[PDB]
Amino acid sequence: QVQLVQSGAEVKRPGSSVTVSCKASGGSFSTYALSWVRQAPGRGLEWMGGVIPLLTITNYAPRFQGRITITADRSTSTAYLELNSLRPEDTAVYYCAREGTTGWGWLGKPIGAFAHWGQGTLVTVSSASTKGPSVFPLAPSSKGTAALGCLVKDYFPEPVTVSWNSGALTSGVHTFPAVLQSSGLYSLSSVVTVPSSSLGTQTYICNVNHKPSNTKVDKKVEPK
Amino acid sequence: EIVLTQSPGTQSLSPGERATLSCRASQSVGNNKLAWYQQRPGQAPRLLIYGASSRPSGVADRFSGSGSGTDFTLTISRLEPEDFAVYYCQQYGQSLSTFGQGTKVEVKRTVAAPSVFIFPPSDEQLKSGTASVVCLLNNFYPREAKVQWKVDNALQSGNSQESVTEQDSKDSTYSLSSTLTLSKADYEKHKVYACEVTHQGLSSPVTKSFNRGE
C-alpha cells in the first residue's frame with residue numbers, strides 16, 4: 001500500500017515563507033499527480049494546486065497563483081509546498097494528497113481522485129508568541145449532577161490536551177474546541193458533571209498538557 | 001471555474017435510514033469526473049466514490065454514487081453509527097479542481113433540554129487582571145441554542161465567544177460553552193451577572209445567574 005508522511009507542525013510569522021514536505025512510501029511516485037489541499041479550522045476543504053512529478057507540469061488555484069509554489073523531487077520521492085507571504089488567514093491544516101490507481105506501477109490506469117492522504121500539517125500563522133496556558137479552576141457552585149471544570153486560558157499555539165484525574169475520569173467529560181481571542185491567544189474549557197454527593201470525597205484534578213510550549217499543569221478543582 | 005454546491009447543509013437522519021446527498025454543478029462536469037469523500041473529525045478525508053459512480057476497493061458497498069452532467073448524488077442505503085461525519089464532493093475533470101462546502105450527517109434524537117450552569121471568574125484570574133464568566137450548556141439536541149449575556153439586566157454584546165462540541169458518540173447531544181471576557185475594573189462596576197438560554201426543549205428561556213462576590 002501507499003502512504004504519505006508530511007513534515008511536522010510549525011509556527012511562522014506574518015510575511016515569512018513556509019515550506020512543508022511530503023514523502024511517499026510504497027508504490028510509484030513519478031507518474032501519479034500529487035496535489036495539496038488545505039483546511040481552515042471548522043471550514044471546508046480547499047484546493048491549492050497539483051503537479052505530475054515526471055513532467056513538472058504545475059497547476060495552481062487562481063487564489064494562490066501568486067504566493068504558492070509546488071514541486072516534486074524524484075530523487076527522494078518527496079513533494080514540497082512552499083507558501084510565500086503568510087498572513088493570519090493562512091492558518092490551516094495542509095494535506096498532501098495523491099490520486100489512486102488500478103494496478104501498481106507505471107501502468108496502473110490512474111483514477112484522478114485523491115485516494116491517498118497524508119497525516120496533515122498544522123501551519124499556524126500569527127504574530128503572537130508561544131506562551132504556556134494559564135489553568136484556572138471552574139469550581140462547582142456551592143448551591144445530583146453538579147458541574148465543575150477548568151478554564152485553560154491564554155496560550156499559543158494549538159493544540160492542548162486535557163485529561164481528568166490523570167485519565168481515571170472519562171464519563172461526563174466535555175473538552176470544548178478552542179476559540180481564538182482578540183489577543184491572538186487561544187482559550188478553551190474542560191467541564192465534567194459528577195454527583196453532587198460526591199463533591200466532598202473525590203479529588204478532581206484536570207491535567208493540561210501543551211505540547212508546543214512544553215507546559216503541563218495539574219490543577220485541583222474544589223468547592224469554594 | 002466550476003463551482004460545486006452541495007445540498008443540503010446539515011442532515012438529520014436516524015441510524016438505519018437512507019441518506020441521499022446532492023451535489024449541483026455550475027456547469028457540465030466533463031467526462032463525468034465527480035468524486036465523493038468522507039471526512040470524520042480529526043482525520044484526513046477518505047475517498048468514497050470516484051468517477052461519479054465507481055467505488056474504490058476496501059470501501060463498504062453501502063455507499064453508491066449516481067447522476068451525471070450537473071446533477072450528482074451520493075447514496076448511503078443504510079446509515080450505520082460510523083458514517084455520521086462530513087461529506088465533500090470534488091470535480092476533477094478540468095485543469096482547476098474544486099471541492100464542495102461539505103454536508104454534515106448527524107444523528108437525530110428526541111430533543112433534549114440543555115443542562116445550564118454558570119461559573120464566576122476565579123480568584124486567581126481576578127488577581128491576574130482579567131475576568132471571565134463561563135456559561136455551560138450540557139448535553140442538548142438539536143444544536144440550535146442561543147445564549148444571551150446579561151450584566152445588570154443589560155444585553156452585553158461584542159465580547160463573549162462560544163464553542164460547541166462535536167455530536168457525542170453515545171447520546172448524540174451537543175454541548176455549548178460561552179465565555180464572557182471583561183477586565184477587572186469593568187467586572188467590579190456591576191453586581192448582577194446572568195446568562196439567558198433559549199432552546200427548543202425549553203418552553204421558556206432559562207436564565208441562570210449570580211451576584212458578584214456573594
# chains A, B, ... in the order shown; residues from 1 in each chain; ligands from 1

$ residues_around --residues "residue 176 in chain B" --least-positions-apart "2" --cutoff "10 Å" --atoms "only C-alpha atoms" --output "compact mmCIF listing (two decimals) with C-alpha atoms, in the first residue's frame"
# COMPACT_ATOMS: atom_id res chain seq x y z
CA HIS A 174 -16.54 17.66 27.70
CA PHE A 176 -14.67 22.29 24.03
CA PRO A 177 -12.90 23.44 20.84
CA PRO B 114 -29.82 21.74 27.98
CA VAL B 116 -27.36 25.06 32.14
CA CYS B 135 -21.94 29.69 30.78
CA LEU B 136 -22.25 25.96 30.11
CA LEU B 137 -24.96 24.20 28.10
CA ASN B 138 -24.56 20.48 28.77
CA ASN B 139 -25.99 17.71 26.57
CA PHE B 140 -28.76 19.02 24.29
CA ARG B 143 -27.67 22.29 18.11
CA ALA B 145 -29.42 27.10 21.04
CA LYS B 146 -28.98 30.81 21.74
CA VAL B 147 -27.07 32.27 24.68
CA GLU B 162 -18.85 30.36 22.12
CA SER B 163 -17.88 26.82 21.15
CA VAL B 164 -19.98 23.71 20.50
CA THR B 165 -18.67 20.17 20.95
CA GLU B 166 -18.97 17.61 18.17
CA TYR B 174 -24.15 18.80 21.52
CA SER B 178 -19.85 30.66 26.21

$ interface_residues --of "chain A" --to "chain B" --cutoff "8 Å" --atoms "only C-alpha atoms" --output "PyMOL selection string"
chain A and resi 43-47+59-61+95+111-120+136-141+147+174-179+189

$ select_by_dssp --residues "range 19-204 of chain B" --states "alpha helix (DSSP H)" --output "JSON list (two decimals) with C-alpha atoms, in the first residue's frame"
[["chain", "number", "residue", "atom", "x", "y", "z"],
["B", 123, "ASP", "CA", -9.97, 34.42, 42.44],
["B", 124, "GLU", "CA", -6.62, 33.79, 40.75],
["B", 125, "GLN", "CA", -7.91, 35.15, 37.43],
["B", 126, "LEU", "CA", -9.15, 38.32, 39.13],
["B", 184, "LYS", "CA", -11.34, 43.60, 36.40],
["B", 185, "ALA", "CA", -12.36, 47.24, 36.57],
["B", 186, "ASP", "CA", -15.25, 46.66, 34.23],
["B", 187, "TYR", "CA", -16.10, 43.48, 36.16],
["B", 188, "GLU", "CA", -16.24, 45.22, 39.55]]

$ atom_distance --atom1 "CA of residue 219 in chain A" --atom2 "CA of residue 206 in chain A"
5.3 Å

$ closest_residue --among "A:17, A:91, A:201, A:171" --to "residue 122 in chain A" --atoms "only C-alpha atoms"
A:91

$ select_by_dssp --residues "range 28-83 of chain A" --states "strand (DSSP E)" --output "number ranges by chain"
A: 34-39, 45-52, 57-60, 68-73, 78-83

$ residues_around --residues "residue 110 in chain A" --least-positions-apart "5" --cutoff "8 Å" --atoms "only C-alpha atoms" --output "PDB file with N, CA, C and O atoms, in the first residue's frame"
ATOM      1  N   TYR A  32       2.092   9.634 -10.947  1.00  0.00           N
ATOM      2  CA  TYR A  32       0.774   9.933 -10.395  1.00  0.00           C
ATOM      3  C   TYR A  32       0.743  11.361  -9.856  1.00  0.00           C
ATOM      4  O   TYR A  32       1.647  11.781  -9.135  1.00  0.00           O
ATOM      5  N   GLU A  99      -3.512  10.894  -6.290  1.00  0.00           N
ATOM      6  CA  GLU A  99      -4.577  10.138  -6.926  1.00  0.00           C
ATOM      7  C   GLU A  99      -4.307   8.633  -6.879  1.00  0.00           C
ATOM      8  O   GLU A  99      -3.158   8.201  -6.959  1.00  0.00           O
ATOM      9  N   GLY A 100      -5.370   7.844  -6.745  1.00  0.00           N
ATOM     10  CA  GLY A 100      -5.236   6.398  -6.661  1.00  0.00           C
ATOM     11  C   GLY A 100      -4.961   5.761  -8.009  1.00  0.00           C
ATOM     12  O   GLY A 100      -4.755   6.458  -9.003  1.00  0.00           O
ATOM     13  N   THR A 101      -4.948   4.429  -8.042  1.00  0.00           N
ATOM     14  CA  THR A 101      -4.678   3.721  -9.289  1.00  0.00           C
ATOM     15  C   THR A 101      -5.424   2.393  -9.337  1.00  0.00           C
ATOM     16  O   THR A 101      -6.075   2.004  -8.364  1.00  0.00           O
ATOM     17  N   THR A 102      -5.352   1.708 -10.477  1.00  0.00           N
ATOM     18  CA  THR A 102      -5.860   0.340 -10.580  1.00  0.00           C
ATOM     19  C   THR A 102      -4.787  -0.693 -10.957  1.00  0.00           C
ATOM     20  O   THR A 102      -4.970  -1.405 -11.947  1.00  0.00           O
TER      21      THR A 102
END

$ atom_distance --atom1 "CA of residue 199 in chain A" --atom2 "CA of residue 211 in chain B"
22.6 Å

$ residues_around --residues "residue 89 in chain A" --least-positions-apart "6" --cutoff "10 Å" --atoms "only C-alpha atoms" --output "list in words"
residues 14, 40, 124, 125 and 126 of chain A

$ atom_distance --atom1 "CA of residue 8 in chain A" --atom2 "CA of residue 49 in chain A"
20.4 Å

$ residues_around --residues "residue 29 in chain A" --least-positions-apart "3" --cutoff "10 Å" --atoms "only C-alpha atoms" --output "PyMOL selection string"
chain A and resi 2+23-26+32-34+52-54+72-74+76-79+98+105-106

$ closest_residue --among "A:27, A:50, A:172, A:157" --to "residue 103 in chain A" --atoms "only C-alpha atoms"
A:27

$ closest_residue --among "A:193, A:170, A:65, A:28" --to "residue 108 in chain A" --atoms "only C-alpha atoms"
A:28
